[PDB]
Structure formats: C-alpha cells, structure tokens
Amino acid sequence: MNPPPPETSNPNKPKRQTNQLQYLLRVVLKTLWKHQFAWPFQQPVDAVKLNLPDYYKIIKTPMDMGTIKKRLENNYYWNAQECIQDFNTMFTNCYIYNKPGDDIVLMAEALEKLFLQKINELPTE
C-alpha cells in the first residue's frame, strides 16, 4: 500500500526565494531530470505499481525529484540547504532500500555524483 506523497505546500511553513534556490531548480534539478538514469526518481515510488509492498515498511522519509521540483516551484523551502537535504534523502533511501551493485543503486550513485558536481559551486546572494 502507498502512503500519501510528501507535501509540496504547507501554509504554516514560511516560504523563501533565494538565488541558490532558483539555481537549484533551473540548473541542478532540470539538468539531472534529463539524465538517462533520472526516470526512477522523477515521481514518488508507487509500491503497488512496482510490486514493492515493503518499500514503505523500510523507507520512512520518502523523497523524489518530482516532489523536489514541485517544492521548488512553490517556494516551499527556506534555503538551498533544505532542498539539498531532500536530494540527499532521496539518494540515501535508494541505498537503504536496496544493496550495493543493484542497477537502481548504480543509477543513484551516478546521479549523486552529478548532483554534487553541480552544487559544488552555487551562486551568491
């Protein structure tokens, strides 16, 4: 069974736009999105579709790039570090749910390297 997907809006939570968050959407996310290994990560894991009935028994903080994209588009985040944390959660979830050497892990490893390359230098305020 699937839990509800992570929120992409929250009226109690303050919004912010920064040069770094704009870059995270326009450059980092939109470039990673086009990578040949991005497709498993473009939407929340559908455990019913994918026949992964234990996915959410293992992964308690799910995250994916579709959620991140909507959060960025909604100015959901306070700062770039909060968004970067969601990317890191997405990658770590992949390593937790699977095991070294799996195809999906090789995909996450490649995307993580590209992500780090792109966030190594961010714009300034």
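Note that residue numbering follows the sequence shown and begins at 1.
The stretch with the higher mean CA B factor, choosing between 63-71 and 49-57, is 49-57. Per the PDB record, of the two stretches 96-104 and 76-84, 96-104 carries the greater mean B-factor over its C-alpha atoms.
When the modelled residues of the chain are ordered by C-alpha B-factor, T89 sits in the lowest third. In the deposited entry, the Cα temperature factor of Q36 places it in the highest third of its chain's modelled residues.
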